[PDB]
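Have a look at the structure below, then the notes.
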Amino acid sequence: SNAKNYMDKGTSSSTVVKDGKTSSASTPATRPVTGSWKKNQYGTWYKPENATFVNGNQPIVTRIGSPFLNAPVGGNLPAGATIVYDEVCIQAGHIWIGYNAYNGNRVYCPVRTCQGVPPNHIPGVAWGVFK
């Protein structure tokens, strides 16, 4: 049925399973169909990409160390904050941007709704300004 879209655990919106057709039938062979995205143990997929996010509309409470909807709290991003991130990750439900604070901790912001699977992510309602 599917080749590699599996992750039997409930991290957030896992076990949705959308893969097959011809994605790993003959195997990636130096060409994964997930694009530039790499997989994380939580089921999250992430790609290195530097872009900017200017927070606005609302102060966004961020998650630290791991992207989930029930992920660790204690990071809150105020509006008017210009965040230059390096990690773009998909935790099914939102797209999360990974950035590091001066404490050396990895903080993730939920930024906008995103559904889908790497590379094609379907955005929804945004709560900030992507730059």
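Please note: Cβ atoms are built from the backbone with ideal geometry, for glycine as well, and neighbour counts cover all protein chains shown. Derivation of every value follows stated rules applied to the coordinates shown; laboratory data play no part.
In percent, rounded to a whole number, the relative contact order of the chain is 23, using alpha-carbon pairs under 8 Å and six or more apart.
Cα gyration tensor of the stretch 21-82, axes a ≥ b ≥ c as square roots of the eigenvalues: rounded (a/c below 1.5), prolate (a/b > b/c) or oblate? The shape class here is prolate. Computed from label points 7 Å out along Cα-Cβ, the spacing between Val84 and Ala3 is 3.7 nm.
Across the stretch 89-100, rounded Karplus estimates of 3J(HN,Hα) from the backbone phi angles (6.51 cos²θ - 1.76 cosθ + 1.60, θ = phi - 60°) give 10, 10, 10, 3, x, 8, 9, 10, 9, x, 9, 10 Hz, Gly and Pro being marked x.
Between amide H atoms placed 1.01 Å from N, distances below 5 Å from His94 occur with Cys114, all of them 5 or more places distant or on a separate chain. In sequence order, the stretch 12-26 has phi-based couplings of 7, 9, 7, 6, 5, 6, 9, 5, x, 6, 7, 10, 8, 5, 9 Hz under the Karplus curve 6.51 cos²θ - 1.76 cosθ + 1.60, θ = phi - 60°, and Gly or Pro positions carry x. Note on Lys4: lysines with a C-alpha under 24 Å away, same-chain residues under 8 apart excluded, are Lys18, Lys21, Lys38, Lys39, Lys47. Simple rule: put +1 on each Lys or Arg Cβ and -1 on each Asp or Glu Cβ in the chain, find the dipole, and look at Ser36, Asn55, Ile83; the Cα lying farthest toward the positive end is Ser36. Could you work out which residue, out of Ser14, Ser66, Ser26, moves most in a Gaussian network model of the chain, that is, has the largest mean-square fluctuation with Cα springs under 10 Å? Among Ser14, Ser66, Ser26, the largest GNM mean-square fluctuation belongs to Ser26. Going by a ≥ b ≥ c, the root eigenvalues of the Cα gyration tensor, does the chain fall in the rounded group (a/c under 1.5), the prolate group (a/b larger than b/c) or the oblate group? Prolate shape, in that a/c is at least 1.5 and a/b is the bigger ratio.
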